[PDB]
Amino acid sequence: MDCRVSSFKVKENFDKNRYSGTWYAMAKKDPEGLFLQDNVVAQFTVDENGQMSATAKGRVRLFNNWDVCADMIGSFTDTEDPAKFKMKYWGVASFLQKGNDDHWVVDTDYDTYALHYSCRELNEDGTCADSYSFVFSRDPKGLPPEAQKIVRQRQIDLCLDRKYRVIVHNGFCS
């Protein structure tokens, strides 16, 4: 049971165009502090020069109770690893958070599911101190019993097992 971040294995030869399109977040594992809550849908596209970007809608509560529908946007720069990106994000609205997080795709089938992960804070022993993860599906209705078994194994080998929470979509942002 090695939970060092550098130990985690990511998607072999990640194909940036097979991955583009609409993805629906079905479950998540939260990080410390302020973060997207529900009704979150992401849209990936890749330009002619291979650059990948994405926009995202989601409900987020602020200060104290203030649900707003955050329109986020991120760009991705490539690393020595096809699956491991650096993502710069920001919102159409200014008060919304800007920032830079790693963006790694641990696993995907590009036809039905994608499993994302990001460690914002590394510990002294290499394991992650503060992290979040997303489980996306191409189908707004969710994964098959059989794709769910793959997903739950991924969560365990990430040491995030039993820490995910089902995301719901009730047109709060449509």
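All residue numbers refer to positions in the sequence shown, first residue = 1.
Set 77 to 85 against 90 to 98 and average the Cα temperature factors; 90 to 98 ends up higher. Between the stretches 56 to 64 and 24 to 32, it is 56 to 64 that shows the larger average CA temperature factor.
Of all the options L143, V105, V135, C128, the entry's greatest CA B-factor is assigned to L143. The deposited CA B-factor of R120 belongs to the middle third of values across its chain. In the PDB entry, a CA B factor belonging to the middle third of its chain's modelled residues is recorded for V41.
Split the chain's modelled residues into thirds by C-alpha temperature factor. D139 is in the middle one.
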